[PDB]
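Q: One structure, pasted below without further comment.
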Amino acid sequence: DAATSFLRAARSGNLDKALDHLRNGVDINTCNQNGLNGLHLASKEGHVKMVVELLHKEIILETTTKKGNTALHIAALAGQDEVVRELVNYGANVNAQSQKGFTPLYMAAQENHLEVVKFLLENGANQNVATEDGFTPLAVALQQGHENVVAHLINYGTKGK
Amino acid sequence: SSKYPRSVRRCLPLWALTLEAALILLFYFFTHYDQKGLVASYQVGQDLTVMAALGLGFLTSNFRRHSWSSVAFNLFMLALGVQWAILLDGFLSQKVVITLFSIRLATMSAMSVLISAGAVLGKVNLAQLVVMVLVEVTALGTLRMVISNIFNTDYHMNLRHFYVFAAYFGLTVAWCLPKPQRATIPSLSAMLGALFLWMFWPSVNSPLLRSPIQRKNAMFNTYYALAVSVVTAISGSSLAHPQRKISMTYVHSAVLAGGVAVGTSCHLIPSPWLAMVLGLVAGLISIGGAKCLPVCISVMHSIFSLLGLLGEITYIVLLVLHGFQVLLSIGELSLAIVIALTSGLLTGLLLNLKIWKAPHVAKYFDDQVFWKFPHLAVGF
Amino acid sequence: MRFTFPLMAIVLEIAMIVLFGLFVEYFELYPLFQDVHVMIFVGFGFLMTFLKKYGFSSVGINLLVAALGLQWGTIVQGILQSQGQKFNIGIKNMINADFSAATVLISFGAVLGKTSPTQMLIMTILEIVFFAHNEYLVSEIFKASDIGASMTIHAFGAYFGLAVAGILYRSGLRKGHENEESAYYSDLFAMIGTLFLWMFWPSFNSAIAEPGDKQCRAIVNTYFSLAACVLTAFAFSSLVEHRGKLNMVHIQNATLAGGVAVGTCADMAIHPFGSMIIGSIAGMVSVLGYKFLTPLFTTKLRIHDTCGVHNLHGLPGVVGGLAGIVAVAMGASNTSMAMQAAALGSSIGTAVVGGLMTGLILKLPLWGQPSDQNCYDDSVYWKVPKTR
Amino acid sequence: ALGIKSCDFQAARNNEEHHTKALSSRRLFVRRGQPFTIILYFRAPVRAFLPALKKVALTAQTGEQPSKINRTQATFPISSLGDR
């Protein structure tokens with residue numbers, strides 16, 4: 001009940017209720033049946049203040065879900081530019097790979113999130129990391145028609161971090 | 001909020017299956033079945049079906065990455081709309097007897113929704129389109145019933161207002177949506193759809209006409225009016241384009257100009273030259289609309305609205321030759337516009353509800369929102 | 001040998017000319033014939049163009065197979081109806097020849113991408129012989145009602161193709177193939193065939209219907225069956241897919257299952273509510289077949305079906321036969337129960353046996369069959385442009 | 001059930017934090033853009049914290065005719081979601 005209420009508050013962005021559960025003793029690393037903790041749920045919904053507050057209370061930043069997605073993966077797939085920036089500012093691994101081999105750059109590129117793609121490239125995301133299918137962020141954006149993303153990935157090339 | 005689309009794996013199947021089960025139950029409780037020209041009569045409704053599924057289905061497939069959704073959602077909308085229109089035209093014009101003429105009329109009612117949906121396609125999911133189909137068919141039937149009660153005309157013959165009703169309904173629904181492109185192969189497929197609409201539009205202008213000479217003259221006038229419009233469109237597209245080139249997108253909408261212009265008066269025009277004059281004037285107004293309307297969301301639906309209004313106006317002008325009837329017909333037109341606007345507003349506020357899980361404004365005009373593609377990360 | 005295909009095409013055409021000279025002599029049904037014609041050549045052919053590198057072969061071999069098929073089916077069906085005597089050609093002969101072409105195209109959908117055009121000519125000849133014999137048996141010996149041919153065309157074509165594809169099994173293709181994948185514009189082109197089939201199916205089920213009440217019911221029942229089938233197929237595609245995304249494979253094919261499953265009961269008094277029930281069940285069954293039975297057939301039963309014709313034509317055709325039996329049970333038709341059941345069983349069994357023999361003939365390495373790596377590729381038999 | 005007993009503005013500690021301690025140790029002098037701490041005292045214990053937090057708001061006014069248009073009057077709630 002307490003952990004479920006905390007996760008619901010994290011998903012809804014109710015920072016005050018979530019801060020109360022942690023005072024009362026709800027472990028910050030609790031996750032739902034899908035392996036998503038409070039940081040994942042806040043990153044999905046763009047709740048930057050909740051993300052910052054949870055990072056301050058020592059949540060594990062590189063905790064993966066049952067699909068192997070980190071909080072940066074979820075923020076990139078959801079296109080939350082400010083949450084992506086905040087996660088990277090606190091030391092999120094931009095080159096993390098999920099179970100199927102997806103990187104945050106791949107999730108941002110397949111979803112036509114140009115700002116997230118540009119930010120992840122400027123932070124040293126290696127666009128040569130392929131999935132288990134052999135697909136790159138460039139290859140998925142070509143298939144999905146994401147031309148603004150295809151341009152930025154080719155024009156950046158390897159400016160690195 | 002999260003730009004990644006919310007899962008509709010419980011909303012869409014439940015919604016569609018409930019709709020189909022309700023339609024089956026209503027057909028059981030209220031509909032009943034029961035010669036020489038069976039095939040001839042079937043041909044008109046078949047032409048309307050081709051113009052609905054193929055014509056309007058592919059006409060809006062010109063989007064670089066929404067062609068799948070345009071075609072398939074048009075098919076779904078037609079399939080739902082014909083059944084619901086059968087039931088509703090049964091309820092508001094009387095048990096419901098299913099003839100080929102009633103299926104033809106239900107197809108016309110569904111085509112109204114298919115024309116309206118072009119203003120909102122690329123900005124809505126399937127559930128919102130279901131709501132639009134239901135409410136728009138209901139509004140068109142209510143408009144026809146109100147006209148039949150006030151002006152003492154036949155309920156089925158009131159379906160002549162469908163061009164202007166569809167145009168203004170689509171404009172209002174698109175205006176109520178949250179605020180926000182082409183490719184060669186989708187443009188060619190859209191040309192296929194536009195060509196089928198243009199070749200069979202003489203069937204749109206005479207499904208409701210019983211007298212054989214009236215249908216003959218209506219098809220004659222529509223055919224010649226459509227011929228002049230194609231020439232005015234391809235020829236005048238260059239003038240109404242900043243780089244002085246012909247626009248495929250403009251042509252796709254403007255070929256239908258003469259057909260829309262003479263739609264309500266094709267059976268009344270006595271000589272082909274007058275139909276050709278109306279087609280030429282409609283083409284010129286289409287050129288002017290292309291050159292002016294973007295200055296003052298979809299430009300093609302705006303010019304279609306102007307063309308439908310012009311068609312009603314030229315019906316008013318021609319009906320006098322063939323002043324109380326002027327006032328009555330102006331009143332009928334204004335009642336049609338008022339009801340179309342009000343029902344479009346109601347549909348627009350219904351579509352804005354959070355429960356429909358509408359695509360994010362950043363995710364408009366994109367098939368990946370609704371369809372399965374390979375090599376994509378799925379879920380969280 | 002590169003000359004096997006032109007030699008067989010020329011020899012078959014000369015045989016067709018001679019047979020027409022030996023057996024053949026010389027308007028209200030012509031529009032319905034043209035609807036069926038559009039279904040045969042635009043519908044199936046562009047329906048099969050979903051493969052990214054097999055569109056040329058799909059549409060072209062569709063045209064070639066159906067063009068040979070209408071001639072050969074004309075000859076065989078006319079000989080059967082005339083008991084070896086000379087016969088005249090009307091609009092009904094052309095419609096029935098197009099129906100034989102439809103059966104062969106349904107079987108082609110099972111072996112698409114793994115067979116040569118020469119194999120397709122051979123399969124056309126043999127399959128039309130078997131189909132015409134089974135259809136004569138159903139129409140004249142059993143005298144069963146199959147006006148939309150859920151059994152004689154759709155179930156027969158599907159299980160004939162499945163038997164052929166089972167005999168022509170390749171071990172290297174069981175796990176998949178890199179060419180066996182759709183493209184975006186390829187699925188857009190497949191929608192053309194889907195839409196034309198959906199639009200013109202009421203003429204398919206009513207072309208040779210008895211004029212009057214039966215022909216009208218065939219048209220009305222087919223229309224409402226397809227209307228219900230579209231909604232149920234859309235609903236079940238989302239339900240079997242992650243996050244409820246639609247699959248173009250389902251919306252291209254399962255949307256047409258209502259036309260197949262209503263064929264036996266098309267002309268019968270089942271009512272527009274009953275036709276919609278049949279269409280909904282057909283759409284559901286077709287979607288479930290694509291998602292769960294096609295992998296089971298490919299991996300476990302070693303039966304690879306390229307276009308999923310078992311889910312569009314086989315299972316809905318069987319459902320249509322069972323619907324005919326049930327409609328006979330509740331007085332919707334005056335035809336016997338046992339004759340409808342015998343028609344279903346004979347169609348399925350004859351399809352399987354003829355497909356076995358035809359596939360055994362097609363397995364001889366004389367027809368230029370493609371290699372495992374070269375399956376689902378136009379370049380084996382076509383000159384392909386450099387750009388898409 | 002949320003009656004205020006007194007409010008401690010903590011002038012000494014805040015003035016030390018805001019480089020204002022030379023001005024006073026009793027009057028609160030604060031520099032704009034920097035947080036300062038006050039203690040709110042209730043007459044009775046607060047049973048449920050979250051509804052009580054939902055029930056309170058703070059207002060800051062300066063001048064004789066404070067208004068939101070002049071930026072001389074501001075109303076803000078007490079929450080972790082406030083704009084720092």
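Residue numbering restarts at 1 in every chain; chains get A, B, ... in the order shown in the structure tokens, and ligands count up from 1 in that same order.
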With 9 Å as the limit and counting only C-alpha atoms, what residues in chain A lie close to chain B? Please list them as an mmCIF file with N, CA, C and O atoms, in the first residue's frame.
A:
```
data_model
loop_
_atom_site.group_PDB
_atom_site.id
_atom_site.type_symbol
_atom_site.label_atom_id
_atom_site.label_comp_id
_atom_site.auth_asym_id
_atom_site.auth_seq_id
_atom_site.Cartn_x
_atom_site.Cartn_y
_atom_site.Cartn_z
ATOM 1 N N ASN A 34 6.334 -4.227 -13.265
ATOM 2 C CA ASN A 34 7.096 -4.155 -14.502
ATOM 3 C C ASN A 34 8.548 -3.755 -14.280
ATOM 4 O O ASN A 34 9.280 -3.572 -15.257
ATOM 5 N N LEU A 36 9.589 -0.921 -12.814
ATOM 6 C CA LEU A 36 9.757 0.525 -12.916
ATOM 7 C C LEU A 36 9.685 1.134 -11.519
ATOM 8 O O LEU A 36 8.660 1.022 -10.840
ATOM 9 N N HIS A 40 11.877 5.929 -12.848
ATOM 10 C CA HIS A 40 11.380 5.583 -14.178
ATOM 11 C C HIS A 40 10.029 6.235 -14.449
ATOM 12 O O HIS A 40 9.797 6.785 -15.532
ATOM 13 N N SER A 43 10.461 9.941 -14.931
ATOM 14 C CA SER A 43 11.104 10.213 -16.210
ATOM 15 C C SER A 43 10.146 10.025 -17.375
ATOM 16 O O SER A 43 10.255 10.728 -18.383
ATOM 17 N N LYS A 44 9.213 9.076 -17.258
ATOM 18 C CA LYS A 44 8.225 8.875 -18.312
ATOM 19 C C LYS A 44 7.318 10.088 -18.468
ATOM 20 O O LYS A 44 6.983 10.481 -19.591
ATOM 21 N N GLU A 45 6.916 10.696 -17.358
ATOM 22 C CA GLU A 45 5.914 11.751 -17.362
ATOM 23 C C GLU A 45 6.507 13.153 -17.416
ATOM 24 O O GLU A 45 5.750 14.128 -17.375
ATOM 25 N N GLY A 46 7.826 13.284 -17.507
ATOM 26 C CA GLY A 46 8.439 14.593 -17.595
ATOM 27 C C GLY A 46 8.495 15.375 -16.306
ATOM 28 O O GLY A 46 8.650 16.599 -16.345
ATOM 29 N N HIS A 47 8.385 14.711 -15.157
ATOM 30 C CA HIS A 47 8.384 15.386 -13.859
ATOM 31 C C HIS A 47 9.824 15.632 -13.435
ATOM 32 O O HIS A 47 10.444 14.813 -12.757
ATOM 33 N N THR A 65 14.717 -1.736 -15.751
ATOM 34 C CA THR A 65 13.428 -2.392 -15.630
ATOM 35 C C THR A 65 13.540 -3.849 -16.076
ATOM 36 O O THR A 65 14.632 -4.375 -16.309
ATOM 37 N N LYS A 66 12.393 -4.521 -16.192
ATOM 38 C CA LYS A 66 12.399 -5.905 -16.653
ATOM 39 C C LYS A 66 12.710 -6.018 -18.137
ATOM 40 O O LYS A 66 13.079 -7.103 -18.597
ATOM 41 N N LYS A 67 12.577 -4.930 -18.890
ATOM 42 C CA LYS A 67 13.025 -4.873 -20.272
ATOM 43 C C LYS A 67 14.454 -4.359 -20.392
ATOM 44 O O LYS A 67 14.970 -4.237 -21.508
ATOM 45 N N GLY A 68 15.105 -4.061 -19.269
ATOM 46 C CA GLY A 68 16.467 -3.578 -19.269
ATOM 47 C C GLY A 68 16.630 -2.095 -19.491
ATOM 48 O O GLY A 68 17.761 -1.638 -19.696
ATOM 49 N N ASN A 69 15.546 -1.326 -19.456
ATOM 50 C CA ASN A 69 15.596 0.103 -19.725
ATOM 51 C C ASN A 69 15.977 0.866 -18.465
ATOM 52 O O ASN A 69 15.395 0.646 -17.399
ATOM 53 N N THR A 70 16.951 1.762 -18.591
ATOM 54 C CA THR A 70 17.263 2.689 -17.518
ATOM 55 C C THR A 70 16.286 3.861 -17.560
ATOM 56 O O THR A 70 15.402 3.937 -18.417
ATOM 57 N N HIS A 73 16.773 5.674 -20.790
ATOM 58 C CA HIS A 73 16.072 5.005 -21.884
ATOM 59 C C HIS A 73 14.617 5.446 -21.955
ATOM 60 O O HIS A 73 14.103 5.777 -23.029
ATOM 61 N N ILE A 74 13.940 5.449 -20.808
ATOM 62 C CA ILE A 74 12.525 5.796 -20.760
ATOM 63 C C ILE A 74 12.323 7.267 -21.095
ATOM 64 O O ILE A 74 11.385 7.630 -21.816
ATOM 65 N N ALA A 75 13.205 8.132 -20.594
ATOM 66 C CA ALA A 75 13.101 9.556 -20.891
ATOM 67 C C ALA A 75 13.341 9.837 -22.372
ATOM 68 O O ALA A 75 12.705 10.722 -22.953
ATOM 69 N N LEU A 77 12.794 7.612 -24.873
ATOM 70 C CA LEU A 77 11.669 7.061 -25.624
ATOM 71 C C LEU A 77 10.427 7.930 -25.475
ATOM 72 O O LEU A 77 9.614 8.029 -26.402
ATOM 73 N N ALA A 78 10.260 8.568 -24.318
ATOM 74 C CA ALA A 78 9.132 9.459 -24.092
ATOM 75 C C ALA A 78 9.367 10.868 -24.620
ATOM 76 O O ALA A 78 8.432 11.673 -24.618
ATOM 77 N N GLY A 79 10.579 11.181 -25.065
ATOM 78 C CA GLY A 79 10.884 12.504 -25.582
ATOM 79 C C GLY A 79 10.834 13.611 -24.552
ATOM 80 O O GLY A 79 10.349 14.708 -24.852
ATOM 81 N N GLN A 80 11.333 13.355 -23.348
ATOM 82 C CA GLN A 80 11.343 14.343 -22.271
ATOM 83 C C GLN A 80 12.718 15.003 -22.266
ATOM 84 O O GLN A 80 13.657 14.513 -21.641
ATOM 85 N N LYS A 100 17.404 -5.869 -25.377
ATOM 86 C CA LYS A 100 17.401 -6.058 -26.821
ATOM 87 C C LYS A 100 18.446 -5.205 -27.526
ATOM 88 O O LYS A 100 18.460 -5.158 -28.761
ATOM 89 N N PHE A 102 18.987 -1.797 -27.277
ATOM 90 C CA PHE A 102 18.664 -0.413 -27.599
ATOM 91 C C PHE A 102 19.413 0.540 -26.678
ATOM 92 O O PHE A 102 19.589 0.274 -25.488
ATOM 93 N N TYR A 106 19.135 5.404 -29.781
ATOM 94 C CA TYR A 106 18.262 4.650 -30.674
ATOM 95 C C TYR A 106 16.794 4.957 -30.404
ATOM 96 O O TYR A 106 16.009 5.146 -31.340
ATOM 97 N N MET A 107 16.405 5.008 -29.127
ATOM 98 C CA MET A 107 15.021 5.314 -28.782
ATOM 99 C C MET A 107 14.647 6.730 -29.192
ATOM 100 O O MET A 107 13.525 6.976 -29.650
ATOM 101 N N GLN A 110 14.410 6.706 -33.224
ATOM 102 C CA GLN A 110 13.253 6.024 -33.792
ATOM 103 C C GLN A 110 11.967 6.809 -33.568
ATOM 104 O O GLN A 110 10.999 6.639 -34.318
ATOM 105 N N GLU A 111 11.941 7.672 -32.558
ATOM 106 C CA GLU A 111 10.751 8.420 -32.194
ATOM 107 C C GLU A 111 10.773 9.860 -32.688
ATOM 108 O O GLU A 111 9.891 10.639 -32.310
ATOM 109 N N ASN A 112 11.754 10.224 -33.519
ATOM 110 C CA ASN A 112 11.877 11.567 -34.092
ATOM 111 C C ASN A 112 11.948 12.639 -33.001
ATOM 112 O O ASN A 112 11.295 13.681 -33.075
ATOM 113 N N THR A 131 21.797 -2.830 -32.300
ATOM 114 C CA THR A 131 20.974 -3.724 -31.505
ATOM 115 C C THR A 131 21.277 -5.174 -31.869
ATOM 116 O O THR A 131 22.197 -5.475 -32.636
ATOM 117 N N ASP A 133 19.446 -6.868 -33.688
ATOM 118 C CA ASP A 133 19.078 -6.956 -35.092
ATOM 119 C C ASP A 133 20.140 -6.377 -36.019
ATOM 120 O O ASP A 133 20.016 -6.522 -37.240
ATOM 121 N N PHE A 135 20.722 -3.084 -36.108
ATOM 122 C CA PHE A 135 20.218 -1.777 -36.502
ATOM 123 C C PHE A 135 20.863 -0.672 -35.676
ATOM 124 O O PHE A 135 21.063 -0.816 -34.467
ATOM 125 N N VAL A 140 17.343 3.116 -38.192
ATOM 126 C CA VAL A 140 15.905 3.136 -37.778
ATOM 127 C C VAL A 140 15.238 4.448 -38.207
ATOM 128 O O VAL A 140 14.059 4.408 -38.549
ATOM 129 N N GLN A 144 12.030 4.825 -40.588
ATOM 130 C CA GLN A 144 10.822 5.505 -40.054
ATOM 131 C C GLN A 144 10.622 6.852 -40.733
ATOM 132 O O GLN A 144 9.617 7.507 -40.437
ATOM 133 N N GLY A 145 11.550 7.255 -41.596
ATOM 134 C CA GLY A 145 11.429 8.497 -42.371
ATOM 135 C C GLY A 145 11.853 9.711 -41.605
ATOM 136 O O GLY A 145 11.564 10.808 -42.068
#
```
Q: Give me, as a Markdown table, each residue of chain C that comes within 6 Å of chain B, together with its shortest interatomic pair and the distance in Å at one decimal, counting only C-alpha atoms, with rows ordered by chain and rising residue number.
A:
```
| residue | atom | partner | partner_atom | distance |
| --- | --- | --- | --- | --- |
| C:212 | CA | B:35 | CA | 5.5 |
| C:227 | CA | B:79 | CA | 4.7 |
| C:235 | CA | B:13 | CA | 4.2 |
| C:238 | CA | B:9 | CA | 5.8 |
| C:239 | CA | B:9 | CA | 5.3 |
| C:243 | CA | B:7 | CA | 4.1 |
| C:244 | CA | B:9 | CA | 3.6 |
| C:245 | CA | B:371 | CA | 4.9 |
| C:246 | CA | B:371 | CA | 4.7 |
| C:247 | CA | B:372 | CA | 5.6 |
| C:273 | CA | B:28 | CA | 5.2 |
```
Q: Distance cut-off 9 Å, counting only C-alpha atoms - which residues of chain D neighbour chain A? Return them as a ChimeraX atom specification.
A: /D:49-50,53,79-81
Q: Kindly export the residues of the current selection with C-alpha atoms, as an mmCIF file, in the first residue's frame.
A:
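Below is the file part09.cif, written as the result:
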```cif
data_model
loop_
_atom_site.group_PDB
_atom_site.id
_atom_site.type_symbol
_atom_site.label_atom_id
_atom_site.label_comp_id
_atom_site.auth_asym_id
_atom_site.auth_seq_id
_atom_site.Cartn_x
_atom_site.Cartn_y
_atom_site.Cartn_z
ATOM 1 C CA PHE D 49 0.030 16.908 6.904
ATOM 2 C CA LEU D 50 -0.965 16.680 3.233
ATOM 3 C CA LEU D 53 -0.536 21.661 3.184
ATOM 4 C CA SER D 79 4.722 22.777 -1.768
ATOM 5 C CA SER D 80 7.740 21.024 -3.241
ATOM 6 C CA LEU D 81 6.325 21.861 -6.700
#
```
Q: Tell me which protein, DNA and RNA residues are within 7 Å of residue C:73, counting only C-alpha atoms, leaving out same-chain ones fewer than 6 positions away, and put them as a ChimeraX atom specification.
A: /C:97,100,128
Q: Which polymer residues have any atom within 10 Å of an atom of residue A:134, counting only C-alpha atoms, with same-chain residues fewer than 5 positions away left out, as a PDB file with C-alpha atoms, in the first residue's frame?
A:
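The result, stored in part_17.pdb:
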```
ATOM      1  CA  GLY A 101      20.408  -3.781 -27.350  1.00  0.00           C
ATOM      2  CA  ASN A 128      27.655   2.919 -33.990  1.00  0.00           C
ATOM      3  CA  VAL A 129      26.126   0.782 -31.222  1.00  0.00           C
ATOM      4  CA  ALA A 139      19.174   2.892 -39.833  1.00  0.00           C
TER       5      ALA A 139
ATOM      6  CA  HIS B 375      13.176  -2.917 -35.219  1.00  0.00           C
TER       7      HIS B 375
END
```
Q: Find the residues of chain C that sit at most 12 Å from chain A; for each, write down the nearest two atoms and how far apart they are in Å, to one decimal. Count only C-alpha atoms. Sort by chain, then by number going up, and give it as JSON lines.
A:
```
{"residue": "C:178", "atom": "CA", "partner": "A:133", "partner_atom": "CA", "distance": 11.4}
{"residue": "C:182", "atom": "CA", "partner": "A:143", "partner_atom": "CA", "distance": 11.6}
{"residue": "C:183", "atom": "CA", "partner": "A:143", "partner_atom": "CA", "distance": 8.9}
{"residue": "C:184", "atom": "CA", "partner": "A:143", "partner_atom": "CA", "distance": 8.5}
{"residue": "C:185", "atom": "CA", "partner": "A:143", "partner_atom": "CA", "distance": 11.3}
```
Q: Hey, can you spit out that residue selection with N, CA and C atoms as a PDB file, in the first residue's frame?
A:
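Generated output (again.pdb):
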```pdb
ATOM      1  N   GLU C 178      15.590 -13.075 -44.955  1.00  0.00           N
ATOM      2  CA  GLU C 178      15.819 -11.636 -44.917  1.00  0.00           C
ATOM      3  C   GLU C 178      15.012 -10.908 -45.986  1.00  0.00           C
ATOM      4  N   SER C 182       8.044  -6.894 -45.456  1.00  0.00           N
ATOM      5  CA  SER C 182       7.336  -5.865 -46.199  1.00  0.00           C
ATOM      6  C   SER C 182       8.075  -4.531 -46.123  1.00  0.00           C
ATOM      7  N   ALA C 183       7.682  -3.616 -47.000  1.00  0.00           N
ATOM      8  CA  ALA C 183       8.154  -2.243 -46.969  1.00  0.00           C
ATOM      9  C   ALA C 183       6.961  -1.318 -46.799  1.00  0.00           C
ATOM     10  N   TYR C 184       7.254  -0.034 -46.589  1.00  0.00           N
ATOM     11  CA  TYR C 184       6.203   0.948 -46.343  1.00  0.00           C
ATOM     12  C   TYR C 184       5.334   1.151 -47.582  1.00  0.00           C
ATOM     13  N   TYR C 185       5.961   1.524 -48.697  1.00  0.00           N
ATOM     14  CA  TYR C 185       5.207   1.730 -49.927  1.00  0.00           C
ATOM     15  C   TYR C 185       4.671   0.418 -50.481  1.00  0.00           C
TER      16      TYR C 185
END
```
Q: Could you state the separation of atom CA of residue A:29 and atom CA of residue A:59 in Å, given to one decimal place?
A: 6.2 Å
Q: Residue A:114: which residues within 12 Å, counting only C-alpha atoms, same-chain residues fewer than 6 positions away excluded, as number ranges by chain?
A: A: 76-77, 79-81, 105-108, 120-121, 137, 141, 146-153; B: 362
Q: Could you find all residues in chain D that DSSP calls alpha helix (DSSP H) from the backbone, and write them as a count of residues only?
A: 13
Q: Can you list, as an mmCIF file with N, CA, C and O atoms, in the first residue's frame, every protein, DNA or RNA residue that comes within 7 Å of residue D:9 when you count only C-alpha atoms, leaving out same-chain residues fewer than 4 positions away?
A:
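Written output follows (selection.cif):
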```cif
data_model
loop_
_atom_site.group_PDB
_atom_site.id
_atom_site.type_symbol
_atom_site.label_atom_id
_atom_site.label_comp_id
_atom_site.auth_asym_id
_atom_site.auth_seq_id
_atom_site.Cartn_x
_atom_site.Cartn_y
_atom_site.Cartn_z
ATOM 1 N N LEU D 28 14.085 41.054 10.032
ATOM 2 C CA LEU D 28 14.469 40.176 8.936
ATOM 3 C C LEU D 28 14.831 41.008 7.711
ATOM 4 O O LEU D 28 13.969 41.674 7.128
ATOM 5 N N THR D 37 14.454 31.072 5.730
ATOM 6 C CA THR D 37 13.712 30.085 6.500
ATOM 7 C C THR D 37 12.881 30.762 7.579
ATOM 8 O O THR D 37 13.380 31.627 8.302
ATOM 9 N N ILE D 38 11.614 30.369 7.677
ATOM 10 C CA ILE D 38 10.738 30.777 8.763
ATOM 11 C C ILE D 38 10.163 29.521 9.399
ATOM 12 O O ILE D 38 10.100 28.456 8.781
ATOM 13 N N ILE D 39 9.749 29.649 10.654
ATOM 14 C CA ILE D 39 9.114 28.556 11.384
ATOM 15 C C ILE D 39 7.688 28.966 11.703
ATOM 16 O O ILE D 39 7.455 30.018 12.310
#
```
Q: Show me, as a PyMOL selection string, the residues that have an atom within 9 Å of residue D:41 when counting only C-alpha atoms, minus same-chain residues fewer than 3 positions from it.
A: chain D and resi 3-8+44
